Amino acid sequence: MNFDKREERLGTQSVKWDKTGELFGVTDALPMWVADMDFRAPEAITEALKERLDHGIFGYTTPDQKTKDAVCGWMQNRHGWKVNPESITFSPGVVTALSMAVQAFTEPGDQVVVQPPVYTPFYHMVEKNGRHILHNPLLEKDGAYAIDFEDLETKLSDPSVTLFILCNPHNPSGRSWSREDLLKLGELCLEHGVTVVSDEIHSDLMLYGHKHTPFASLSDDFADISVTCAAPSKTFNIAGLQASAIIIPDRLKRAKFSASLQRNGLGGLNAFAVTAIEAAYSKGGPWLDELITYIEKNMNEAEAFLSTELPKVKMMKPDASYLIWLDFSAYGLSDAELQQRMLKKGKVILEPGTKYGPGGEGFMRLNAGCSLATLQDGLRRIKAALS
Amino acid sequence: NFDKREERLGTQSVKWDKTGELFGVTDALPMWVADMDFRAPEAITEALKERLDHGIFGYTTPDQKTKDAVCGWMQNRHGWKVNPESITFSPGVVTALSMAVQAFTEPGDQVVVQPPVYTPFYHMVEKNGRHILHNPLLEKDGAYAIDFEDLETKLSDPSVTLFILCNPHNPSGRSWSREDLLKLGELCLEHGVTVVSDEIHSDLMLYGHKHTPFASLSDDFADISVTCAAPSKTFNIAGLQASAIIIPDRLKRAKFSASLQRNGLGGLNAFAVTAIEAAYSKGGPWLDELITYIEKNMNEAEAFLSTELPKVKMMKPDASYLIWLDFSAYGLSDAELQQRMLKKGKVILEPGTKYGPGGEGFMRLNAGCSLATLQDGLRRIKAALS
Ligand SMILES: *Cc1c(COP(=O)(O)O)cnc(C)c1O
Ligand SMILES: *Cc1c(COP(=O)(O)O)cnc(C)c1O
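The record names X-ray crystallography as the way this model was obtained, at a resolution of 2.3000 Å.

Colleague: Would you mind showing me how to read the site of ligand 2 here?
Modeller: In the vicinity of ligand 2, the residues found are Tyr60 of chain A together with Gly92, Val93, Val94, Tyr118, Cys166, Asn170, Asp198, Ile200, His201, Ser232 and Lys233 of chain B. Nearby residues place ligand 2 at the junction of chains A and B. The separation between an oxygen atom of ligand 2 and a polar main-chain atom of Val93 of chain B is 3.1 Å. Interatomic distance of 2.7 Å between a side-chain N/O atom of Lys233 of chain B and an oxygen atom of ligand 2. When the free accessible area of ligand 2 is taken as 390 Å², the share hidden by the protein chains comes to 94%.

Colleague: For this particular structure, what's the right way to read the sheet that holds strand β7 (residues 161–167) of chain A?
Modeller: Each strand in a sheet pairs with another by means of backbone hydrogen bonds, the pair being arranged parallel or else antiparallel. All names here are of chain A. Across the sheet, 7 strands lie side by side as β2-β10-β9-β8-β7-β3-β4; this open sheet has mixed pairing. Looking along the sheet, the strands with just one partner apiece sit at the ends: β2 (88–91) and β4 (132–135). Neighbouring strand axes in the sheet, compared pairwise and without regard to direction, differ in orientation by 25 degrees on average. Contacts from helix α4 (residues 65–79) reach β2, β9 (226–230) and β10 (244–247), with the element oriented near 105 degrees to β2.

Colleague: Can you help me understand the site of ligand 1 in this one?
Modeller: Around ligand 1, a shell composed of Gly93, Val94, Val95, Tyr119, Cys167, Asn171, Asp199, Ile201, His202, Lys234 and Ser244 of chain A together with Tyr59 of chain B is seen. In this structure ligand 1 sits where residues from chains A and B come together. Note that an oxygen atom of ligand 1 is positioned 2.6 Å from one of the side-chain N or O atoms of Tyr59 of chain B. A breakdown of the residues in the shell around ligand 1 according to their chemical character gives 6 nonpolar, 4 polar and 2 charged.

Colleague: For this particular structure, what's the right way to read α4 of chain A?
Modeller: In an α-helix there are 3.6 residues to a turn, and that puts residues three or four apart on one side. All names here are of chain A. Here α4 contains 15 residues, and its C-alpha end-to-end distance of 21 Å stays within 8% of the 21 Å for a straight helix at 1.5 Å per residue. Residue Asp64 occupies the N-cap position of α4, its side-chain oxygen lying 3.1 Å from the main-chain nitrogen of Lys66. Of the residues one or two after α4, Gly80 is the one with positive phi, at around 70 degrees.

Definitions and cut-offs
Residues numbered from 1 in each chain as written, not as in the entry; some residues may be left out. Chains lettered and ligands numbered in written order. Heavy atoms only, no water. Near = heavy atom within 4 Å. Polar contact = N/O pair within 3.5 Å; in protein donor to acceptor, adjacent residues only side chain to side chain. Areas by Shrake-Rupley, 256 points an atom, 1.4 Å probe, with all protein chains shown as cover. Pairing = 2+ DSSP bridges. Helix = DSSP H or I, 4+ residues; strand = E, 2+ residues; numbered from the N terminus. Axes fitted to C-alpha atoms, helices over the stretch in contact; angles between N-to-C directions. Contact = heavy atoms within 4.5 Å. Nonpolar A, V, L, I, M, F, W, Y, C, P; charged D, E, K, R; others polar. Expected span 1.5 Å × (residues − 1).

Listed below in structure tokens is the structure:
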């Protein structure tokens, strides 16, 4: 493949490139914010979409035995994890699945534990459904995030806590939790009667031979209290297609999740979604393995550059994915001022760290899912941003 | 060109590939679920190729020119002025109905519908802890009419908060008159009921029938209505999951958005964003060519039914490609009618059962197909009835 190839994305109705005016107040800044890549989907996906377009009929389209086998086959090949086809419910996206899972496995007024800072919709899919966020803040220990197990046990044992949403890899930072972290979390959740939603959407994008451990893979018991959200969207840059496989080995939990879909008038995938998730999990491998190497070399360049040129900026090197959580605390600036210096003076758009709630103060997130050249330009824009 | 023979077996089509699971047969001609056996308009497939060639499928959002396409259609096809601020995108009309029910009622509230009607109307009320209240349709002159005296009684009940209008009405394809709609609006305005109008059959007006959007009739009506429109039935693209929901009243639009956010919805897929624009922008003449082919298909059905199966009363539909067929005069049970159709004739209709009360003795025949496929359908219906 050829990730250095320069793409024009202006005028493609791209949220990342075309909605900067609406969302940031600038038209002339390099977009490096929302988590989508600047790359063409693999040819293995587009071949098969063009094939679906050629048939020319776009009526009611359903996933089938071969769609499920591509999901199962992929999880066994990439992650060593056995999934029965029957475990899989499709969804138009993982944020939808987060919402459905909240509605299915908790009551109005329950508490849901998350580990902040974290992906913003975790807050929204709990708060907007009249459930309550209880935070288990992560600890910064040695330029990497660690889980605080003493706080978690205190939080998980309150009787109104019925759900825990795990982000693994964690967004932001790209932290890949250890087997032992998951085992400790799992046992606490069994003990305290807490269903686990595992958001594993970044889990294919593992850097430097970091190993992903799907929570549900660890025991029967874990499998029976888990809802794993997986998707080709981050892995193959096809968020645009609204395709998710949600894995729920417990029949009763699956039926409750399905019921939430039915109630809200959902359960269909669009016809392109159905082609895309079969092609992606069938023939995506080789392209992913070239993307990892490409992202590794992008991450080595950002680390090289910041530690040399910007020594007050502290970069968490991610274990996975193409998003870099960056610490600008040392500059003593408001989040309001940091962002204006990036927007007006560097001409670059990063995600402001306050988006991710407590612990996001003084950080911003940088989308390194672009050609080396675009990354080098953006790094220079961050330096420029700071006098 | 609608006479081209089109292969749909092996294409993950619910209609053609899910018969074994849903009807217990794989050797029958499927003429049940409401999608067509035709290629979409070239105006949509050509714009789809453009987005495919660009080769990147990240987060894609509707823009002003998407909402303009929608306002262009409603102005050009209907004479309805729609401000872009009024449009909220949804992945589907069933999704919209669920959202409307959750946004505009309380649990325990009663929701009026006119049976027999599209099955999801019942599910999206009952499954959400709301109560279906029937305003049954009367058969008069072999066509449906509204029972306004019964309707007035029911809209008066104070726990009734929502009316779900099907216009055109599935099943039957009935296109409600200006007069019908003015009287319905008056009652809901009188009794503080919110009107959800499913208008998804509204662009396939046959034989000079004219669709009247509820919302178009006055500011009073606009402001209590939720209009669910889509290109999906009109252009055979239900599998691109695109729809446009028109809420002129800003407060009800806010509550409807809030139901979409709450459910982690709001986004359209990249192809839907393309498809809805192209369809409402450039689909006009392909649709006129389709109205004409449907009209021929209906004429053939009426001619064949009046001559070869005169016991069958066809409701000639005002709109869409779905034929509501009364098999009463045969005296088979609903269950024997379906086993005869599926096992003897080896053809699949929608059993009128599923549409609720007023549905017994009926089945719905899908004529959205080549005249050849329809003639094979009618031949199999006659074989089933011997
Ligand atoms: C980007 C992202 C998502 C997005 O899910 P969709 O399927 O695109 O709705 C969900 N979770 C995490 C952690 C993400 O980073
Ligand atoms: C087919 C049909 C629908 C389904 O709409 P989607 O866009 O597929 O959700 C809704 N309403 C009526 C009356 C229909 O006939």
